[PDB]
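Chains as they are written, first to last, in PDB author numbering: chain A, 291 to 422, 531 to 561, 567 to 948; chain B, 291 to 423, 531 to 560, 567 to 949. Comments concern the structure below.
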Ligand SMILES: CC(=O)/N=c1/[nH]c(C)c(-c2ccc(Cl)c(S(=O)(=O)NCCO)c2)s1
Ligand SMILES: CC(=O)/N=c1/[nH]c(C)c(-c2ccc(Cl)c(S(=O)(=O)NCCO)c2)s1
């Protein structure tokens with residue numbers, strides 16, 4: 291038949307979390323031998339057979355080895371806690387190895403979570419071998543090959559190692580890190596090198612933290628505190644590291660860039676309540692400054708997960724040839740309670756309005772074109788619309804709550820981005836989120852409800868939503884892996900978190916239905932936002948008396 | 291060939307009238323000549339060439355004469371004021387000749403309008419032909542005499558037109580009626596029969612007009628006026644025509660039915676200030692009784708156009724097989740300020756809501772089923788949903804205004820329909836009309852926005868819309884012929900009227916987009932109507948403030 295081919299298509303090439311496939315799976319089995327169309331199919335096949343029969347397992351194992359090779363994302367699904375079997379786990383690891391380093395890095399965070407699911411005895415044995531294949535051996539081998547990987551891997555392990568089930572995973576992660584440092588210490592010249600560099604980073608942060616704690620103890624309003632901060636950095640050999648000069652250190656935030664000194668005067672502290680510094684650094688090359696922020700008191704693991712998410716979505720959209728000019732900025736955590744964040748030069752939307760009446764005035768000031776469209780250079784408008792679309796959709800998919808003018812920022816080229824992703828998957832302090840988050844001023848920024856640009860924005864949202872809908876599996880698989888993740892919003896209900904993103908993605912609906920649905924959310928949110936729209940609705944209510 | 295075809299196929303199918311692509315028109319020519327396969331192409335083809343000079347015009351007629359024959363609708367487009375040329379009008383009329391009588395019956399209003407479009411010389415020649423001293534007017538006459546129902550309608554449309568460039572058009576209309584009547588008198592027996600029938604009808608109408616004038620005269624309250632009315636009916640010789648019995652006349656509002664007499668005891672009178680009367684008539688056969696309304700206040704030319712449009716749309720939908728179970732009651736205007744309306748048994752919603760707290764109760768009273776989706780039988784519920792769907796869509800395209808709960812009535816059966824059309828094409832006494840018209844109570848009748856019936860209802864509107872979009876052209880041509888019509892609402896911005904319906908049609912949108920647009924309109928209308936949805940909006944507005 292031909293109908294048969296299509297019912298199968300819905301099943302192998304639609305949803306990954308679905309345990310849905312039920313008996314149809316048995317039907318899948320028959321075609322399975324004749325045609326394993328694709329990799330997507332392999333992931334689906336694996337789900338149905340395993341537990342019941344040893345002989346059935348033998349046939350499946352042979353089937354998997356023969357099978358057309360799976361794509362990496364599916365590999366993540368395999369590393370998931372759902373699949374117990376060692377051979378499938380090994381196969382999943384083989385898939386990862388084949389993948390290029392940069393892609394391997396993007397996932398890395400999940401791979402560390404994945405570590406929890408890999409059997410403990412592999413890890414105890416490996417330890418046994420080092421003191422008086532399996533994935534953890536794989537992560538260490540790969541981590542050693544590449545310095546940047548070594549660096550993130552080290553930072554992720556260390557975040558886990560500091561102070567019920569916490570005990571089992573902590574001992575195990577601790578085991579992993581000790582092994583990693585010991586492999587580097589022995590390794591050769593390049594590995595020894597990696598080890599020294601980390602030693603340096605660790606030392607630098609500790610002193611940086613010490614200085615920060617002194618600043619907090621010292622009393623004053625922010626400015627008095629900041630002046631004090633400037634003074635400490637300039638103070639030579641109060642600290643183990645001298646902040647005005649040091650030996651070059653690959654930035655922990657970015658491993659690629661060494662730093663030299665810090666400039667005491669260029670350091671500010673932020674308006675936000677928990678006060679984080681901007682710092683500047685010089686860099687090893689040509690003296691170029693870098694800045695990052697550094698944050699005194701918060702666990703950023705949540706922020707890093709969301710940013711990875713935004714980075715990933717952006718990568719996917721870009722291959723599709725959609726650039727929404729999203730800015731994913733680097734975060735890392737250090738310890739829980741400190742990290743860095745990349746600094747983007749921007750003005751907070753609230754600052755822009757306070758300081759320039761409206762967004763347009765501010766853009767116009769930076770990029771005047773007499774000729775169009777708002778007396779603002781066309782490209783800036785374009786980037787602003789695109790950033791807006793990218794963010795509504797991503798904020799919506801990732802269920803990001805708690806946005807405000809302090810929260811959004813702008814750039815001088817136009818882009819908008821978000822910040823401070825403390826509320827995730829629809830947690831909001833408030834009782835009633837709008838489903839889509841657009842400030843009145845942002846809508847006005849587009850020249851109101853009826854403008855060419857507003858239409859461009861909605862068109863753009865639908866397209867972006869549709870593309871993400873298509874590339875579901877990867878995000879769902881990364882979330883599947885973040886169940887026991889120690890990200891607070893996920894921690895409230897582990898299970899519901901994966902389900903929530905799936906619900907937002909709206910995979911059930913047909914494409915025409917999904918666009919209509921999205922349109923509906925945008926519309927309620929925008930009507931609520933505009934006052935003219937609200938008075939007009941009152942008028943319609945009134946019309947029936 | 292390959293890529294040039296798609297743009298061809300788009301232009302023939304997609305726009306109803308286009309200024310655009312004048313260079314495109316000249317581009318089509320080269321490949322127009324050759325394809326010449328399908329008729330809808332022909333319509334677009336004629337448009338370009340005539341502004342273009344004369345020697346190509348004669349070539350185009352050979353092209354025209356040969357081209358695959360048009361469907362009737364495209365021809366109403368050619369009778370347009372837009373195309374002046376005489377040979378095409380022959381072609382258009384030959385096209386009309388082909389139409390079965392029922393189709394001509396539908397387009398009649400528009401055809402009488404098409405008379406306003408020249409040539410006067412055609413009328414005067416025919417006048418000179420029957421007086422002391531095929532082609533359009535002749536066609537209409539010859540056609541009218543062929544069939545009696547056709548003749549009736551033709552008479553009443555002519556009749557109303559005759560009762567600084569308007570006077571000359573009036574005068575022309577007058578000649579056409581007198582000719583039509585003289586043809587009937589000189590007629591073989593059947594014509595004479597039709598003629599005698601028309602006379603009977605008028606004599607009758609005028610006696611009833613007098614009677615109404617006498618009932619209107621009294622200062623006494625409405626209840627006192629009904630009583631007076633009944634008495635005027637019960638006494639014969641009061642009028643040249645006696646109302647308690649007369650020789651069977653074919654009902655003027657519906658030609659087929661014959662009426663013996665009005666029944667006086669059953670006569671009732673309506674609430675509106677200008678005070679309409681409801682009359683029961685006796686049919687000639689089997690003592691069937693037919694109810695009608697006769698209205699003394701205003702010309703129903705507006706109301707009748709709308710009902711034509713509704714009937715038209717219904718037919719299209721049902722031809723795509725969408726019984727949205729509309730109820731297009733018949734309307735005829737006798738003259739400006741008197742009319743007849745098919746009465747259909749109905750309870751106004753406002754009435755239904757006082758009589759019953761809710762619409763569900765009402766429906767439940769008339770068709771219970773314990774297993775029913777609600778207390779109600781499933782068929783009633785489905786029909787109600789459909790009727791709503793049809794009516795929102797139609798109201799939206801038509802920019803019908805003034806809807807209130809007295810304006811829309813409900814049948815025991817469940818069909819919902821709107822009755823009154825004072826305000827049209829977005830004219831509304833009120834300043835900000837909802838784009839879609841739903842009573843809050845109508846939505847509740849669907850079981851609310853989460854309820855599935857509501858979802859089905861919405862699905863129904865979208866498809867109704869999609870289909871109607873497809874037969875865009877027939878409506879457009881009709882309205883283009885109604886430009887000089889004398890409906891008050893067209894008259895204020897007569898040129899702009901057609902454009903207003905065209906905006907409602909959103910022809911520019913692709914189908915997915917169209918639906919989206921309509922969805923937006925539904926949404927606003929419903930949210931305004933529901934107090935819970937406004938509350939939600941209210942909390943949302945609260946979010947950004949602080
Ligand atoms: C002027 C300016 O604020 N430039 C910045 N570019 C970026 C990426 C900033 C940033 C990123 C993350 C965080 Cl967590 C912060 S924060 O100011 O430390 N917390 C804000 C809570 O409302 C600030 S701030
Ligand atoms: C109201 C009722 O019970 N049955 C009816 N069925 C029909 C088609 C009605 C109708 C149609 C057109 C008009 Cl114009 C009217 S009307 O009641 O005469 N005009 C309303 C306010 O002045 C009533 S009324």
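Just so it is clear, CB atoms sit at the ideal spot from N, CA and C, and this is done for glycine as well.
Please confirm whether any heavy atom of ligand 1 lies closer than 7 angstroms to the CB of residue i.
i                      : result
residue 271 of chain A : Outside the displayed range of chain A (291 to 948) lies residue 271 of chain A, so it cannot be described from this structure.
residue 823 of chain A : yes
residue 809 of chain A : yes
residue 815 of chain A : no
residue 706 of chain A : yes
residue 744 of chain A : yes
residue 656 of chain A : no
residue 682 of chain A : no
residue 777 of chain A : no
residue 679 of chain A : yes
Can you tell me whether residue i sits near ligand 2, meaning its C-beta is under 7 angstroms from at least one heavy atom of the ligand?
i                      : result
residue 295 of chain B : no
residue 749 of chain B : yes
residue 868 of chain B : no
residue 756 of chain B : no
residue 696 of chain B : yes
residue 919 of chain B : no
residue 834 of chain B : no
residue 693 of chain B : no
residue 812 of chain B : yes
residue 407 of chain B : no
residue 732 of chain B : yes
Taking only beta carbons into account, state which residues of the stretch 768–798 of chain B come closer than 8 angstroms to chain A, listed in chain order.
none
At least three beta-carbon pairs within less than 8 angstroms, the stretch 384–404 of chain B to the stretch 879–893 of chain B:
yes
Evaluate contact between the stretch 814–823 of chain A and the stretch 767–784 of chain A, counting only Cβ atoms and requiring at least three cross-stretch pairs below 8 angstroms.
yes
Suppose only complete runs of 3+ residues qualify. What are the beta strand (DSSP E) ranges in the stretch 720–770 of chain B, listed by chain order?
734–738 and 741–745
If you measure beta-carbon to beta-carbon, which residues of the stretch 919–931 of chain A are closer than 8 angstroms to chain B?
919, 922, 923, 926, 927, 928, 930 and 931
Quick check: the stretch 609–617 of chain A against the stretch 567–580 of chain A, are at least 3 beta-carbon pairs closer than 8 angstroms?
no
Start-end ranges of the alpha helix (DSSP H) lying completely within the stretch 890–928 of chain A, minimum 4 residues
891–894 and 897–908
Pick out the complete beta strand (DSSP E) segments inside the stretch 621–693 of chain A, 3 residues or longer, and give them in chain order.
661–665 and 680–686
For a minimum of 4 consecutive residues, which ranges assigned as the alpha helix (DSSP H) are wholly contained in the stretch 828–889 of chain A?
843–847, 855–873 and 875–883
Residues of the stretch 815–847 of chain B with a CB closer than 8 angstroms to any CB of chain A: list them in chain order, please.
833, 834, 835, 836, 837, 842 and 843
Check whether the stretch 694–714 of chain A touches the stretch 854–872 of chain A, taking contact to mean three or more Cβ pairs, one atom from each stretch, closer than 8 angstroms.
no
Given 8 angstroms as the limit, is there contact between the stretch 794–810 of chain B and the stretch 661–673 of chain B, that is, 3 or more CB pairs closer than that?
no
Taking one C-beta from the stretch 540–557 of chain B and one from the stretch 650–659 of chain B each time, how about it: are there three or more such pairs within less than 8 angstroms?
yes
Validate contact between the stretch 777–789 of chain B and the stretch 693–706 of chain B using beta carbons, cut 8 angstroms, 3 pairs:
no
At least three beta-carbon pairs within less than 8 angstroms, the stretch 922–930 of chain A to the stretch 912–929 of chain B:
yes
Taking 8 angstroms as the cut-off, does the stretch 293–307 of chain B touch the stretch 323–339 of chain B (at least 3 CB pairs, one atom from each stretch)?
yes
Unbroken stretches of the alpha helix (DSSP H), 4 residues or longer, contained in the stretch 378–416 of chain B:
391–396 and 398–406
With three or more C-beta pairs closer than 8 angstroms as the rule, is the stretch 739–751 of chain A touching the stretch 829–838 of chain A?
no
Is the stretch 871–878 of chain B close to the stretch 780–790 of chain B, with three or more CB pairs under 8 angstroms?
no
Does the pairing of the stretch 375–386 of chain A with the stretch 335–355 of chain A give three or more beta-carbon distances under 8 angstroms?
yes
For the 8 angstroms Cβ check, are there 3 or more pairs between the stretch 902–922 of chain B and the stretch 751–758 of chain B?
no
Counting Cβ pairs closer than 8 angstroms, one from the stretch 933–946 of chain A and one from the stretch 930–942 of chain B, do we hit at least three?
yes
Can you give me, in chain order, the residues of the stretch 383–410 of chain B that have a beta carbon less than 8 angstroms from any beta carbon in chain A?
none
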